[PDB]
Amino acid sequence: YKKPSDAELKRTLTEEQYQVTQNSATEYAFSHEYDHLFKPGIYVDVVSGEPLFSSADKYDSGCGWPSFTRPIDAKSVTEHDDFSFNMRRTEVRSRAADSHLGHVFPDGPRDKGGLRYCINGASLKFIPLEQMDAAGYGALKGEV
């Protein structure tokens, strides 16, 4: 899982996908299809295809963006202090392509770890269970 050149990205990603993953922009709350999508499968980095979240950990937090209790693999994402626009939050970015994904907060389901990963649907690509094998993610079916 690798990240193409900035120049190549400009010609493959939509304006929205590019602004969110490359410039850390934020999609309008409740605007993405993935917000209310709850079907079996996984969500991968729109840029590199790296698996990031599983349908197994997706839940309704009412925050406005796809929400998960944890990443599909602890190593899949990286955390960063975000002192953007007068406040302190923890930014979440993908490991391989370093795409801006969203933020994580300490107010998630307590029995699931207590974390809430709020992610832009524009930074993801959903792979339904029925297509995971063909897509090359067969080994991850155990995570749904």
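Residues carry their position along the shown sequence, with the first being 1.
Annotation for 80-88 versus 96-104: the higher mean temperature factor (C-alpha) is found in 80-88. Here the stretch with the larger average CA B-factor, out of 109-117 and 27-35, is 109-117. When the modelled residues of the chain are ordered by their C-alpha B factor, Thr21 lands in the lowest third. Looking at the C-alpha B-factors along this chain, the one for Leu9 belongs to the highest third.
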